[PDB]
2 protein chains.
Amino acid sequence: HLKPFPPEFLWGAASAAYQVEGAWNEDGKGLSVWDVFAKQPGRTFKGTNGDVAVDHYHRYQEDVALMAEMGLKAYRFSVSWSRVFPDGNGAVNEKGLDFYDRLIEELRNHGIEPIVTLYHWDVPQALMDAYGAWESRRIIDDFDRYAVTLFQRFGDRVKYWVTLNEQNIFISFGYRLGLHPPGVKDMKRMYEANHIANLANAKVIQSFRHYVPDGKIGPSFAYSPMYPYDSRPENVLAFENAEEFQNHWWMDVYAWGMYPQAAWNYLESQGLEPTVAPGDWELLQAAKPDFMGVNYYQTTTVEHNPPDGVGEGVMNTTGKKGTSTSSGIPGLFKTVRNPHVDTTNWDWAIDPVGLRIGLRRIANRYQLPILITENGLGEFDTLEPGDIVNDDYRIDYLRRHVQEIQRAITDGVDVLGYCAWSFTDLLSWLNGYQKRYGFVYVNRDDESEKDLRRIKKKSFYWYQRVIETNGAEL
Amino acid sequence: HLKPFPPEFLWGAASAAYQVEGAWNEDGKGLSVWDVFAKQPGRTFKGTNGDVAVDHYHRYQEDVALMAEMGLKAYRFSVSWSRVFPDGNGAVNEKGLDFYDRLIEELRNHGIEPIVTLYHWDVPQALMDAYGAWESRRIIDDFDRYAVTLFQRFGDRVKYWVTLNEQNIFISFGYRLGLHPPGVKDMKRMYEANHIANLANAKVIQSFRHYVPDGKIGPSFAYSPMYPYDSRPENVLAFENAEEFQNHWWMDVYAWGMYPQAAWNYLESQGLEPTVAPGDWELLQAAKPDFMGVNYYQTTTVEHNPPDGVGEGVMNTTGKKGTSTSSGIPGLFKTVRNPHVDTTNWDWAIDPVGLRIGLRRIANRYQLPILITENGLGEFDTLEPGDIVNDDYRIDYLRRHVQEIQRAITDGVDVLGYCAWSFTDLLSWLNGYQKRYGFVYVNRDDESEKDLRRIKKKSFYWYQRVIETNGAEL
Ligand SMILES: O=P(O)(O)OC[C@H]1O[C@@H](O)[C@H](O)[C@@H](O)[C@H]1O
Ligand SMILES: O=P(O)(O)OC[C@H]1O[C@@H](O)[C@H](O)[C@@H](O)[C@H]1O
């Protein structure tokens, strides 16, 4: 017998400002690092960018009405820092705050709980220009000032907040892989920026305790649970290294305020460890979150990797199946195809049991409630005559992940809610518009902007029924 | 770039009173549960028992002289509770205390550090008769009286103490598998006795802080780190279940004072969870140890197990290779042969890398120092003419584990010491005398005590050389 989903389970869906909003230069909004980066040649799929995106800034009333029609309990969205502080630092842009206030009002007038993400990768370019953004401790005081602004303004109406969305992704992609702004490939700078981002996260959680005493806050981590390829001791050891280096490196800091020792000693042996200042540990250890936010798409299987072995690998940004290649850390671990799971056209593993495994690992290790802040299936969709989008693949993906969440709840994992990625189709940072996640199809592609009209997919109605029965019918 | 062993790394060897001492009814000693159990037909290999064992009680001066020849830094032994309290909880037998006083003085006169195990499975039979020993909360106060008696007598001279040796083994073998006293096969009774043993462990650690404020104390857990068979998600999940039910169930209590929640909920679902009294959680959470004691011999590889699958398996007690069979918990996991490791004649896996993995898991999860209180190879030995025993198989086994310990120290695991099982050959509880672990061969077998003469094996001189070079020369 499964436990039921708890009565006030937050059935949600999610978006991110740069990927949906558009209006990139309207109503006083400043330049963000993604405004600049996406316009650089070769950075994005077919030169796509978020100048217009799906124009949610102008169509939010229509979108929220589709949320209300679906019966969403919660909508997760991010605030565009550059809309609120065009220069990151100076005067507040009241037109910017007014849009999110209008959005929050619309959500609550339809009975939808807002989940606000403070940071979803769009730091104002002025801060990058002024002092290198996340590579400078000044961003701690500046990020704090921006979050306290939002706390003060909306703390009375928003109860659930996410600090940093996938710190491990925007730090790693921006400073090690060079696939995000600032486009750097420097492991030393990566760990310095990562450490500063850790301090920023802790500082705003502390500020949150003053300004929103009745609220709940936490970071959202991009969690790929690691698997060993097999029972060979050297591959299990590679799995130990991979979980500590890819996952504990962040989640131990979030939950305990401490970096894991084996990864630290390994970085220190190379001069790659971050610069710690007095007070850093006191701050990191005095900032307990209310939950661990988890963005989950797939697990990763690993095996042993020689000191001269695999480093950077090819990532599939085209939807042409089978084109990604193994990546790893020489000497520590390398990824390997898991022969027991299917994969998407972008080579992502489909592993819903992996989600239960991951929820169990976090509960068992940190004893924290979990808010699943992202999960979903990115695939091609076909619009059919009669406004029909038959996305059975997406229904079956979500169905199996929701089923494993109920098992994890039965196993004792305190899951506060589930936010599917995404409510409407939106711009994928590196994959363009063809890689669709929405319950609501948006009428545009990578060649033509068309009319951006919204069309309900088969999965919209499936998820509507899930919410109505509180998950009893999947 | 390996780190050296620390300057005062405790290079040790170990024994246990019932396996080594003999003199089972001399100098006022009372009956233990093992004196009674091993004399029951069918309970032990060929009816062997520890009436004489290897007569360490009379020959301790010879044995310590051999330890000094070897250059042992530390000797781990257990105190026979029935020597000190013949009826478990009445008047003290001073002759019993005098033996351990002579032993400790003999060790310290040769510069060897005593490591005292309070409990190595031999609770006096009078407590079993009076109230069922570990199934009664009365044992908490009776074990405390015994522990404080030793703390006050020897605390000036012994700084390293172990509370319960392998609680997971003597509780599960005595109350679930029926292979140790009291021979019970009842899962509910097992978890009750286990919870009482947790309370007794916490209580003596609390007392220790008062009576030996400068000492170090910890439990010694029988740790078999679990592996998934492959990357099939269902087998990784079986691995999560196995590591939680077999390892976290004890080590989380030792380190954090809490049972893991998924295992608790599963037991609670069948009414097998232990009876928790008010005050229990407070006691368990207020008894932090100085180290995790780790008894390591092998890893275990697991795969999924259907609800009608494998339960109890066959254990090898004869030294005939390939006679063990799979065991598991239906619905959760079953053990499976790991094709990547060798096995002994008793079907124990040989996995030195698994020790590194196990050390890393404890350090990463609990941030505790580790004292390896047991590790060694049980095998047939042949005495050759001229009193020669060439146990190159044992040297190879020990060498590879000591190498993996050094790599774990380099990873940042704080390892305090290493006690090889065992200093001399001794009685294996269920395997008789032919399953030998010693650096020192004892001339006897299952059929004759012979002259009990001590004979240094090749591994004796190998370890002497390890200690002399502080592990630089393996
Ligand atoms: O768009 P992708 O690369 O398919 O990833 C899908 C999603 O998962 C995370 O990485 C991001 O937080 C989202 O913004 C979104 O990008
Ligand atoms: O003697 P065995 O069964 O080979 O195991 C070897 C050792 O196992 C450990 O569990 C016990 O603490 C030791 O007393 C010793 O028995």
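Note: hydrogens, waters and symmetry copies are ignored here, and every other heavy atom, side chains too, is used. The sequence lines fix the lettering, A, B, ..., with proteins before strands; numbering per chain opens at 1.
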Heavy-atom distance under 4.5 Å to chain A: side chain of [X], backbone, both or neither?
X        : result
B/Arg360 : side chain
B/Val341 : side chain
B/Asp414 : neither
B/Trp256 : side chain
B/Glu243 : neither

Counting only heavy atoms closer than 4.5 Å, note whether [X] contacts chain B via side chain, backbone, both or neither.
X        : result
A/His248 : side chain
A/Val302 : neither
A/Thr410 : backbone
A/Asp252 : side chain
A/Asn364 : both
A/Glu240 : both

Subject >> Residue, of A/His1, A/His340, A/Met258, A/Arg361, that accumulates the most heavy atom pairs under 4.5 Å with chain B >> reply: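 Among A/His1, A/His340, A/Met258, A/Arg361, the one with the most close pairs to chain B is A/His340.
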
Considering only heavy atoms from C-beta outward, does the side chain of A/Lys3 approach that of B/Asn265 to under 4.5 Å?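 Of all side-chain heavy-atom pairs linking B/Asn265 with A/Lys3, at least one is under 4.5 Å.
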
4.5 Å side-chain heavy-atom contact, B/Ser231 and A/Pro339:
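SC-SC contact between B/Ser231 and A/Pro339 confirmed.
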
Residues A/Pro233 and B/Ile357: closest non-hydrogen pair is O-CD1, 3.5 Å

For [X], I'd like to know if atom [atom1] has over 12 heavy atoms of other residues, nucleotides or ligands within 6.0 Å.
X        : atom1 : value
A/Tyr229 : OH    : no
A/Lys188 : NZ    : yes
A/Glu8   : CD    : no

If I take atom CG from residue B/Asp230 and atom OH from residue A/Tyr227, how far apart are they, to the nearest 0.5 angstrom?
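If I round to the nearest 0.5 Å, the distance is 11.0 Å.
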
- Can you tell which of B/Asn338, B/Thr301, B/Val413, B/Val353 has the highest number of heavy-atom pairs within less than 4.5 Å of chain A?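 It is B/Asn338.
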
